[PDB]
Each structure stands twice: as C-alpha cells, then as structure tokens.
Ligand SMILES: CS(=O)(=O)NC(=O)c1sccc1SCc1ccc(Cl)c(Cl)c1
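Take a look at this single chain in structure tokens; it is the form deposited without this ligand.
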C-alpha cells in the first residue's frame, strides 16, 4: 500500500498533532508486529557466541544473519533497501574481539561503504570499539586496513580506507556521523538528510551491501535505513510507505528503529526532503 506524497504530506499533520500520539500509536503497532513469528536466533544465543554480542538482548535473526565463509557467526543481518534485496548489512559496533570477524565480513561481503552513526564514547559510556587505524595501517586477521585520508564536516566525517586480504585491494569509505545527540535524535533533520544523501550516493553499482552500524546496530541504524529507502522510493515513484516498510525490515533484524522519537524523526527528515 504505497501512498502518494500529496496525501503523505497532507495528512501527517494529524500524526504530529496532539503531542504526537498518532505516531506513538503507529509505532506501538510496530512494537507488536514481530511478536508471533517465532523468528529464530539460536546462533546469537548459543553460549559460545555470547561474548560476540555487544548486548545480550540484541540478536541476529537466523534467516538473515550474515555468515562469514569457512566461527561463522557475526551479530549482523542483511536488510532490504527499496527494490534492492539485501541492500544493507545492519550491524552493531564491533568489539575488540570481533574486529577480525568484522573486517572479514567486509572483505567477503564485498562492501564498499560503511555508515557509522555513533561516537566511540558517548556521555562517559563506551558505544563502539575503535575498529580502524587511527593513522597508518593496522592488521585484523588477514586484512590490513590502511587510512588514506580523513575529511571532517560539521556533522559527519569521511575516512577513506584501503584494505587488503593477505591471502587484492579495495577502497572502502566510511561516513561517520558525529553530532548525534547524547539523548534522543538530532534537532534538525537537515544535516542527517545531507549525510544520508552523500553516503547513499557513494554506492558504486556492482558492490555488496552497505554496512550500517551504531552501538546496538538497531536504533539509529534502523532510522538510517528507512530514511534512505523512503527517499529513493520518493525520487523514483513519488510515494512512501514508512509504516509498511518498517514492519518488513523488522523481520530482518530486531528493533530496527528502536524509538518513537526516532520514528517521528524519519518523518521530519522525509518531509523536510519533500519540501527542500
């Protein structure tokens, strides 16, 4: 049930009205929507991958999890884009003990772009281990990753890496969003629009899923995926279905778009885009 923009914009005023309870109501239904699908995640919970999960309750569904080739586990899922099956790999901030697994999946999965939407440390709390070399090279299993350049913008930074399996070379590019608030979401959807735009557009045409991560890899990660998917749907079709696309991707990884303030925020972003 795609709807045209006209009626999207025409009626969303409703959802924003009343302290936002409309959104709040659509989002609960979203909370309820995977409840009875007994969607398996036994690789996540298997006792000897326990320490590979940054958070004990944030898991990888079995059916869409990313398997490292032949100890094949990694807390990461394929998630669909807008007419691209498996457009993204949603993943948590890697840990010291998962850096190898993390770059191996990048190598193997052929991914060219990396979207990072957390700071390493936020408000005194650790969110993501530094999995890339701060300058020069560092080695993680069989992949040498090397920092070739850095560019810092107001709300995000671009690190261009060059990586190599030590058993061939690839330029990987990380877009790292750096001004996501301590609590909630940004105050202005604009800088996130521009971030989504440029990072989305760096996707070269014969490459693997774009890896997206934050801390748990669900919240801001999910919010990134809907904005960007809903934006392409709009260029191409002039329609949207934020609700029905959310319920589809929530079967591909748990809690995508963790909050209602984030859900709300997809909409500021999209509306701002439609009127920009």
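Take the two forms, superpose them, and find the largest set of C-alpha atoms that agree within 1.5 Å; that set is the rigid core. Positions refer to the first chain, counted from 1.
The entry shows an unbroken chain from residue 47 to residue 48, with no unmodelled residues of the deposited sequence in between.
Going from residue 148 to residue 149, the model skips none of the deposited residues; the chain is continuous there. When the mean C-alpha temperature factors of 195 to 203 and 179 to 187 are read from the deposited coordinates, 179 to 187 comes out higher.
Note on 30 to 38 vs 227 to 235: mean CA B-factor is higher in 30 to 38. The entry lists a Cα temperature factor for residue 216 that places it in the lowest third of the chain's modelled residues. In this PDB entry, residue 129 carries a Cα temperature factor that places it within the lowest third of its chain's modelled residues. Among the modelled residues of its chain, residue 241 has a C-alpha B-factor that falls in the middle third according to the deposited record. In this PDB entry, the Cα temperature factor of residue 249 sits in the bottom third of its chain's modelled residues, the lowest group. When the modelled residues of the chain are ordered by C-alpha B-factor, residue 271 sits in the lowest third.
A second form of this protein, the form solved in complex with this ligand, is not displayed here; the remarks below concern that form.
Placing this ligand by C-alpha superposition of the site, using its position in the deposited complex, leaves the pocket blocked: at least 3 ligand atoms lie within 2.4 Å of backbone or C-beta atoms here.
Taken together, the three residues 100, 103 and 172 all stay farther than 4.5 Å from this ligand in the deposited complex, as judged by their closest heavy atom. With this ligand left out of view, the stretch that reaches within 4.5 Å of it through heavy atoms in the deposited complex is, among 131 to 139, 77 to 85, 172 to 180, 145 to 153, 172 to 180.
Contact check for residue 195: a heavy atom falls within 4.5 Å of this ligand in the deposited complex.
Contact annotation for residue 113: none of its heavy atoms lies within 4.5 Å of this ligand in the deposited complex.
None of the heavy atoms of residue 229 is located within 4.5 Å of this ligand in the deposited complex. Shown here without this ligand, the chain has only 117 in 96 to 117 lying with a heavy atom within 4.5 Å of that partner in the deposited complex. Just one of 180, 156, 99, 78 moves its Cα by 2 Å or more between the shown form and the other one on a rigid core overlay, and this residue is 180. With the core held fixed between the shown form and the other one, residue 9 has its Cα displaced by at least 2 Å.
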